[PDB]
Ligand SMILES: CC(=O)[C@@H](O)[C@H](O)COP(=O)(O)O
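Just the one chain here, laid out as structure tokens, in the form deposited without the named molecule.
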């Protein structure tokens, strides 16, 4: 009689399961990881069966923890993953994650012919090999065999649901990450299908994220410890769900999440692409489009700095404390954070990091702070691409282990010059997935109602003097970024 919803988040190295009660309160959570197959450079795959096994195990462990009915299982999932199915519905490939670079030459050449520009103009997909469309082109031209026999081209979410249900369905937000979904029609772009030599039929049908997929094959109903009336909610992408999961549901807001890597996103009225293609446009539905930039150089870069700038025994707090002993602006020291190449905002895989403007006035503190300001300046750089020619958001809804400290939160406010709102719940994806279920179940109607579950915690307001300092220092950051943009290829 007690009813529960399970929100699943199928990540790159782990799935996280969270069990909510009919009130939306998370009562338990279990996650299990899997290896990412990286035999050689650029390769980033994973075994779908591995992933599904974790999935069953997670759900079952969650059901063990309560005595009641699992009303629905909802899904948040990594994006850009690609899996091929045979005529037997058997796995022709592993899950080729967004991180796999196999298609990296295809992109460059497509980019050379003005074709990548066209895909982007049509689908809102940045010119990057993370996209299935590019992954497919590569398979069609260097793995002709498996491409020949592929009857279905799907992603890990489609795959999991198909295992449980015998249905091949994807949601709009997930399709938005293939590079094949037309922005205007919100269906597969025929022109692209023809060039891919793929058929509308070899692709999941597209539905709303709230679609109920019923029923679950009895095999798993038993295995997973659920009922015969446990609904599967189609779910959506981690990118979309993480944004609505921090209550960033309209253009007046945006979501900034920063962990090891980070992301800035906002949701808008209509498609909206960038002349420079510096941000993605992933449709959710006809009146909701996710704009954003994935940013590689988040806390991963902070940790690099922590260690090489000091030593391996330098705590993150030690680093923050030292950084703080330097003035805001780090006496005009610029740090371009592009350690691992970069997607948004510069979309250059060859990019490297730089310290520019060194002087004998710049000591350890100044370099410490410049790192953190650089990481933040870069995120602000990506955010700014989103909202140029439009109204600045009224707040940034913030999450991520990198934003854990008051200092970084305050620094973000001061750099972005809008208030920074930290959220009570970091797990935006499973929360928003859980919310989708509540919609499907008729427990909630409008998206705005998700605000009830996604609560604000702390607000940080821009400090006027520092804000002015950073507003004057940002253009210099962009000068140095611009100055070096063309130089990174030289490095190899």
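Numbering follows the first chain given and starts at 1.
Comparing 169-177 with 196-204, which stretch shows the greater average C-alpha B-factor in the deposited entry? Per the PDB entry, the higher value belongs to 196-204.
Higher mean Cα B-factor in the deposited model: 308-316 or 406-414? In the deposited entry, the stretch with the higher C-alpha B-factor mean is 308-316.
Highest recorded Cα temperature factor - choice among 238, 342, 229, 381: Highest CA B-factor of the listed options: 229.
If you compare 246, 367, 268, 146, which has the highest Cα B-factor in the entry? Among 246, 367, 268, 146, the highest C-alpha B-factor in the entry belongs to 146.
Ordered by C-alpha B-factor within the chain, which third holds residue 278? Give me lowest, middle or highest, please. Its C-alpha B-factor belongs to the middle third of this chain's values.
According to the PDB entry, is the CA B factor of residue 128 in the bottom, middle or top third of its chain, that is, lowest, middle or highest? Ranked within chain, residue 128 CA B lands in the middle tercile.
Modelled-residue ranking by C-alpha temperature factor, third containing residue 88: Highest third.
Where does residue 26 sit by CA temperature factor within its chain: lowest, middle or highest third? Middle third.
CA B-factor ranking of residue 428, expressed as a third of its chain: Lowest third.
The form deposited with the named molecule bound exists for this protein as well; it is not shown, and the discussion that follows is about that form.
Please work out, step by step, whether the site is open or blocked: first superpose the C-alphas near the site so the named molecule is positioned as in the bound PDB entry, then count ligand atoms within 2.4 Å of this form's backbone or C-beta atoms (3 or more = blocked). Transferred pose: open.
Contact at 128, 296 and 349 by the named molecule in the bound PDB entry, all three, heavy atom at most 4.5 Å: Answer is yes for this spot.
Answer for residue 341 alone: is it within 4.5 Å of the named molecule in the bound PDB entry, judged on heavy atom distances? Yes, residue 341 is a contact residue.
Name the stretch: of 221-229, 165-173, 333-341, 270-278, exactly one has residues whose heavy atoms fall within 4.5 Å of the named molecule in the bound PDB entry. Only one stretch qualifies here: 333-341.
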